[PDB]
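Dumped input-v6.cif below, it's mmCIF, C-alpha atoms:
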```cif
data_final
loop_
_atom_site.group_PDB
_atom_site.id
_atom_site.type_symbol
_atom_site.label_atom_id
_atom_site.label_comp_id
_atom_site.auth_asym_id
_atom_site.auth_seq_id
_atom_site.Cartn_x
_atom_site.Cartn_y
_atom_site.Cartn_z
ATOM 1 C CA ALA A 1 -19.809 -1.327 -19.007
ATOM 2 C CA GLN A 2 -17.901 1.258 -16.953
ATOM 3 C CA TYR A 3 -16.657 -1.046 -14.185
ATOM 4 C CA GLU A 4 -15.753 -4.484 -15.617
ATOM 5 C CA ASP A 5 -14.418 -7.668 -14.061
ATOM 6 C CA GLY A 6 -10.838 -8.035 -15.215
ATOM 7 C CA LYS A 7 -10.337 -4.314 -15.706
ATOM 8 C CA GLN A 8 -10.562 -2.191 -12.526
ATOM 9 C CA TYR A 9 -10.899 -5.304 -10.405
ATOM 10 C CA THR A 10 -10.834 -9.070 -10.521
ATOM 11 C CA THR A 11 -13.110 -11.594 -8.892
ATOM 12 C CA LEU A 12 -11.860 -14.293 -6.572
ATOM 13 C CA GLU A 13 -12.871 -17.665 -8.036
ATOM 14 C CA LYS A 14 -12.382 -18.846 -4.462
ATOM 15 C CA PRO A 15 -14.232 -16.254 -2.333
ATOM 16 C CA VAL A 16 -13.238 -15.856 1.306
ATOM 17 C CA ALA A 17 -16.034 -16.206 3.863
ATOM 18 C CA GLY A 18 -16.244 -13.848 6.832
ATOM 19 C CA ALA A 19 -13.485 -11.594 5.482
ATOM 20 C CA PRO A 20 -13.149 -7.925 6.529
ATOM 21 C CA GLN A 21 -15.157 -5.547 4.346
ATOM 22 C CA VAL A 22 -12.178 -3.518 3.053
ATOM 23 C CA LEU A 23 -8.863 -5.265 3.514
ATOM 24 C CA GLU A 24 -5.536 -3.792 2.480
ATOM 25 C CA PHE A 25 -2.155 -5.568 2.497
ATOM 26 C CA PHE A 26 1.237 -3.876 2.431
ATOM 27 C CA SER A 27 4.866 -4.315 3.369
ATOM 28 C CA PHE A 28 7.235 -1.662 4.694
ATOM 29 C CA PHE A 29 9.716 -3.110 2.119
ATOM 30 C CA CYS A 30 7.319 -2.612 -0.772
ATOM 31 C CA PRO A 31 8.201 0.372 -3.041
ATOM 32 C CA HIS A 32 4.684 0.859 -4.443
ATOM 33 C CA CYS A 33 3.380 0.626 -0.872
ATOM 34 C CA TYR A 34 5.557 3.583 0.111
ATOM 35 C CA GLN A 35 4.058 5.544 -2.790
ATOM 36 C CA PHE A 36 0.551 4.464 -1.757
ATOM 37 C CA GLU A 37 1.093 5.720 1.742
ATOM 38 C CA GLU A 38 3.168 8.880 1.612
ATOM 39 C CA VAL A 39 2.533 10.159 -1.900
ATOM 40 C CA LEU A 40 -0.929 8.863 -2.853
ATOM 41 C CA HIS A 41 -2.628 8.496 0.547
ATOM 42 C CA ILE A 42 -4.740 5.680 -0.852
ATOM 43 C CA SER A 43 -6.120 4.366 2.431
ATOM 44 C CA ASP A 44 -7.175 7.833 3.419
ATOM 45 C CA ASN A 45 -8.911 8.641 0.151
ATOM 46 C CA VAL A 46 -10.702 5.318 0.105
ATOM 47 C CA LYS A 47 -11.947 5.971 3.644
ATOM 48 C CA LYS A 48 -13.346 9.352 2.740
ATOM 49 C CA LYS A 49 -15.540 7.756 0.115
ATOM 50 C CA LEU A 50 -16.704 4.596 1.890
ATOM 51 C CA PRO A 51 -20.376 4.192 2.888
ATOM 52 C CA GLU A 52 -21.835 4.271 6.301
ATOM 53 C CA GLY A 53 -20.821 1.403 8.479
ATOM 54 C CA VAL A 54 -17.920 -0.094 6.468
ATOM 55 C CA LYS A 55 -14.765 -0.922 8.498
ATOM 56 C CA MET A 56 -11.243 -0.623 7.010
ATOM 57 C CA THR A 57 -8.496 -3.097 7.831
ATOM 58 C CA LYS A 58 -4.781 -3.020 6.934
ATOM 59 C CA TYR A 59 -2.356 -5.876 7.471
ATOM 60 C CA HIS A 60 1.368 -6.345 7.031
ATOM 61 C CA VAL A 61 2.867 -9.300 5.120
ATOM 62 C CA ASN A 62 5.851 -11.584 5.647
ATOM 63 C CA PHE A 63 6.932 -12.439 2.137
ATOM 64 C CA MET A 64 9.186 -9.419 1.635
ATOM 65 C CA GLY A 65 12.361 -8.681 3.520
ATOM 66 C CA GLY A 66 13.021 -12.048 5.106
ATOM 67 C CA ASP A 67 13.698 -11.968 8.813
ATOM 68 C CA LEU A 68 13.097 -8.245 9.153
ATOM 69 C CA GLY A 69 9.864 -8.690 7.200
ATOM 70 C CA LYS A 70 8.465 -10.968 9.899
ATOM 71 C CA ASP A 71 9.645 -8.580 12.608
ATOM 72 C CA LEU A 72 7.710 -5.826 10.864
ATOM 73 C CA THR A 73 4.544 -7.921 10.841
ATOM 74 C CA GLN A 74 4.907 -8.392 14.581
ATOM 75 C CA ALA A 75 5.581 -4.649 15.013
ATOM 76 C CA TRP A 76 2.510 -3.830 12.976
ATOM 77 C CA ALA A 77 0.541 -6.137 15.329
ATOM 78 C CA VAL A 78 2.000 -4.086 18.198
ATOM 79 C CA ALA A 79 0.966 -0.914 16.379
ATOM 80 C CA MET A 80 -2.617 -2.213 15.991
ATOM 81 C CA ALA A 81 -2.831 -3.465 19.556
ATOM 82 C CA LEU A 82 -1.750 -0.069 20.901
ATOM 83 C CA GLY A 83 -3.672 1.957 18.352
ATOM 84 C CA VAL A 84 -0.581 3.830 17.210
ATOM 85 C CA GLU A 85 -0.650 3.070 13.467
ATOM 86 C CA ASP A 86 -0.848 6.746 12.527
ATOM 87 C CA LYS A 87 2.291 7.492 14.530
ATOM 88 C CA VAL A 88 4.625 4.799 13.251
ATOM 89 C CA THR A 89 3.606 4.246 9.649
ATOM 90 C CA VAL A 90 5.583 7.150 8.245
ATOM 91 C CA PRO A 91 8.799 6.609 10.260
ATOM 92 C CA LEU A 92 8.723 2.864 9.556
ATOM 93 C CA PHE A 93 8.394 3.432 5.801
ATOM 94 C CA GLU A 94 11.144 6.062 5.830
ATOM 95 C CA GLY A 95 13.359 3.997 8.114
ATOM 96 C CA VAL A 96 13.168 0.965 5.824
ATOM 97 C CA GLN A 97 13.149 2.678 2.412
ATOM 98 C CA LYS A 98 14.432 6.242 2.682
ATOM 99 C CA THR A 99 17.109 6.504 5.368
ATOM 100 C CA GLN A 100 17.586 2.720 5.595
ATOM 101 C CA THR A 101 18.225 2.982 9.298
ATOM 102 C CA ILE A 102 15.960 0.047 10.148
ATOM 103 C CA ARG A 103 18.088 -3.105 10.028
ATOM 104 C CA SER A 104 16.976 -4.979 13.138
ATOM 105 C CA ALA A 105 14.137 -5.506 15.580
ATOM 106 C CA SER A 106 15.873 -3.025 17.890
ATOM 107 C CA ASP A 107 15.810 -0.341 15.167
ATOM 108 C CA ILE A 108 12.110 -0.983 14.708
ATOM 109 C CA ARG A 109 11.631 -0.565 18.441
ATOM 110 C CA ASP A 110 13.515 2.774 18.317
ATOM 111 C CA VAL A 111 10.865 4.144 15.932
ATOM 112 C CA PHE A 112 8.160 3.395 18.492
ATOM 113 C CA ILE A 113 10.250 4.894 21.318
ATOM 114 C CA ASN A 114 10.853 8.017 19.260
ATOM 115 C CA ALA A 115 7.104 8.195 18.571
ATOM 116 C CA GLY A 116 6.402 8.257 22.301
ATOM 117 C CA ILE A 117 5.428 4.677 23.093
ATOM 118 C CA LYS A 118 7.142 3.724 26.335
ATOM 119 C CA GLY A 119 9.722 0.970 26.002
ATOM 120 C CA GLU A 120 8.153 -1.052 28.742
ATOM 121 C CA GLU A 121 4.774 -0.699 26.935
ATOM 122 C CA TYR A 122 6.285 -1.693 23.598
ATOM 123 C CA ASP A 123 8.087 -4.706 25.059
ATOM 124 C CA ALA A 124 5.023 -5.926 26.939
ATOM 125 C CA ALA A 125 2.940 -5.731 23.757
ATOM 126 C CA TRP A 126 5.681 -7.315 21.596
ATOM 127 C CA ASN A 127 5.784 -10.395 23.811
ATOM 128 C CA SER A 128 2.018 -10.611 24.395
ATOM 129 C CA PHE A 129 -0.284 -13.396 23.260
ATOM 130 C CA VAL A 130 -2.716 -10.743 22.045
ATOM 131 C CA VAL A 131 -0.014 -9.643 19.607
ATOM 132 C CA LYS A 132 0.715 -13.289 18.711
ATOM 133 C CA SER A 133 -2.952 -13.725 17.730
ATOM 134 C CA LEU A 134 -2.920 -10.432 15.811
ATOM 135 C CA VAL A 135 0.094 -11.769 13.860
ATOM 136 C CA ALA A 136 -1.896 -14.959 13.248
ATOM 137 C CA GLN A 137 -4.838 -12.906 11.950
ATOM 138 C CA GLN A 138 -2.632 -10.987 9.473
ATOM 139 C CA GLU A 139 -1.058 -14.208 8.274
ATOM 140 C CA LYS A 140 -4.404 -15.986 7.901
ATOM 141 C CA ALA A 141 -6.009 -13.132 5.988
ATOM 142 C CA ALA A 142 -3.118 -13.160 3.500
ATOM 143 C CA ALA A 143 -3.065 -16.957 3.197
ATOM 144 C CA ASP A 144 -6.806 -17.038 2.487
ATOM 145 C CA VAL A 145 -6.436 -14.993 -0.719
ATOM 146 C CA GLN A 146 -3.191 -16.721 -1.722
ATOM 147 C CA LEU A 147 -1.456 -13.366 -1.603
ATOM 148 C CA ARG A 148 1.641 -13.032 -3.855
ATOM 149 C CA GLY A 149 2.044 -9.292 -4.136
ATOM 150 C CA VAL A 150 1.466 -5.987 -2.441
ATOM 151 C CA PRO A 151 -0.005 -3.392 -2.356
ATOM 152 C CA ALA A 152 -3.314 -5.207 -2.505
ATOM 153 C CA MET A 153 -6.873 -4.454 -1.564
ATOM 154 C CA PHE A 154 -9.821 -6.853 -1.310
ATOM 155 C CA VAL A 155 -13.491 -5.975 -0.892
ATOM 156 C CA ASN A 156 -15.774 -8.384 1.042
ATOM 157 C CA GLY A 157 -13.364 -11.230 0.365
ATOM 158 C CA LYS A 158 -14.567 -11.425 -3.175
ATOM 159 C CA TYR A 159 -13.011 -8.656 -5.273
ATOM 160 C CA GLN A 160 -9.385 -7.575 -5.671
ATOM 161 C CA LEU A 161 -8.492 -4.074 -6.848
ATOM 162 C CA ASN A 162 -6.628 -4.012 -10.150
ATOM 163 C CA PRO A 163 -4.656 -0.711 -10.291
ATOM 164 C CA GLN A 164 -2.705 -1.689 -13.448
ATOM 165 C CA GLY A 165 -6.068 -1.279 -15.191
ATOM 166 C CA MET A 166 -6.089 2.394 -14.220
ATOM 167 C CA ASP A 167 -4.537 5.664 -15.539
ATOM 168 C CA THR A 168 -1.293 6.980 -14.015
ATOM 169 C CA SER A 169 -0.480 10.249 -15.882
ATOM 170 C CA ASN A 170 -1.995 12.241 -13.077
ATOM 171 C CA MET A 171 -1.533 11.014 -9.511
ATOM 172 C CA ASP A 172 -4.749 12.623 -8.163
ATOM 173 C CA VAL A 173 -6.886 11.013 -10.868
ATOM 174 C CA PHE A 174 -5.513 7.543 -10.198
ATOM 175 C CA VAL A 175 -6.260 7.879 -6.503
ATOM 176 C CA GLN A 176 -9.931 8.811 -7.071
ATOM 177 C CA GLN A 177 -10.490 6.039 -9.601
ATOM 178 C CA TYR A 178 -9.045 3.592 -7.088
ATOM 179 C CA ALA A 179 -11.277 4.974 -4.332
ATOM 180 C CA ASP A 180 -14.373 5.193 -6.515
ATOM 181 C CA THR A 181 -13.746 1.592 -7.584
ATOM 182 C CA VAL A 182 -13.622 0.546 -3.950
ATOM 183 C CA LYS A 183 -16.941 2.343 -3.269
ATOM 184 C CA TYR A 184 -18.541 0.590 -6.259
ATOM 185 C CA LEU A 185 -17.376 -2.857 -5.160
ATOM 186 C CA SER A 186 -18.554 -1.979 -1.674
ATOM 187 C CA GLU A 187 -22.092 -1.265 -2.891
ATOM 188 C CA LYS A 188 -22.164 -4.335 -5.122
#
```
In structure tokens, write the structure found in this file.
Amino acid sequence: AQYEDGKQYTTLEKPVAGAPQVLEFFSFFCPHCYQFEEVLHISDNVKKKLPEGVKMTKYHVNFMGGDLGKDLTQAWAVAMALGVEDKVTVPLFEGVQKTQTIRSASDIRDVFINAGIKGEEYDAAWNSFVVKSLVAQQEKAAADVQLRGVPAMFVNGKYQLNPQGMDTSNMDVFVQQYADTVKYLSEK
């Protein structure tokens, strides 16, 4: 057929109950993730093609970048709690991978300050139990699918996107295949 298990996607032999509908994992240390965000705009193009009523979720992971990797997962929890994802995603990616000016939790904090989040508001969130439980949620979602690599996207806790089984000559064409595949899995 056109869409085939093992080609554009794989099926989880161990499906995850109650999972978010469209669930993306990334790391600010992940080179393909940088491409996905700043060059390909994957999340955005997926969103534009998703049906009525389908929520999109994106979580950070711990398994890259050691101590700073965990800090970034907590900062992403802060970002979600405050609703400022669209203000910090680009400077966090560039701070980690392009300028390499993010080397500590303080440097992460600076990105939020520069983006206009008040320090006192950042620090309150950082230390909050709501953020602790948002960290727990990110960790549990990743653990549930035995996640070993990013970028990754899962649909209804049962299908995992398989971008290696897609064309990459043209960047635009890859992005729409990825998005169209998500829509298909969505409607499945």
*Who sits within 8 Å of range 102-104 of chain A, only C-alpha atoms, same chain under 3 positions skipped, as a ChimeraX atom specification*: /A:68,92,95-96,107-108
*Please identify all polymer residues within 12 Å of residue 93 in chain A, counting all atoms listed in the file, omitting same-chain residues fewer than 4 positions from it, and present them as number ranges by chain.*
A: 26-39, 72, 76, 85-89, 97-102, 108, 111
*Using all atoms listed in the file, which residues sit within 10 Å of residue 121 in chain A once same-chain residues fewer than 6 positions away are excluded, as JSON, numbers by chain?*
{"A": [78, 82, 112, 113]}
*Hey, can you check how far CA of residue 117 in chain A sits from CA of residue 57 in chain A?*
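Between CA of residue 117 in chain A and CA of residue 57 in chain A the gap is 22.1 Å.
In terms of minimum interatomic distance to residue 144 in chain A, A:157 ranks closest within A:173, A:157, A:21, A:168, counting only C-alpha atoms.
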_Going by the chain IDs and residue numbers used in this file, which residues fall under the PyMOL selection byres ((chain A and resi 74) around 12)? Write them as a ChimeraX atom specification._
/A:27,59-62,67-73,75-81,105,108-109,122-123,125-139
Please, which residues in range 30-144 of chain A fall within 10 Å of range 184-187 of chain A when counting only C-alpha atoms, and what is the closest atom pair and distance in Å to one decimal for each, ordered by chain then residue number, as CSV?
```
residue,atom,partner,partner_atom,distance
A:50,CA,A:186,CA,7.7
A:51,CA,A:186,CA,7.9
A:54,CA,A:186,CA,8.4
```
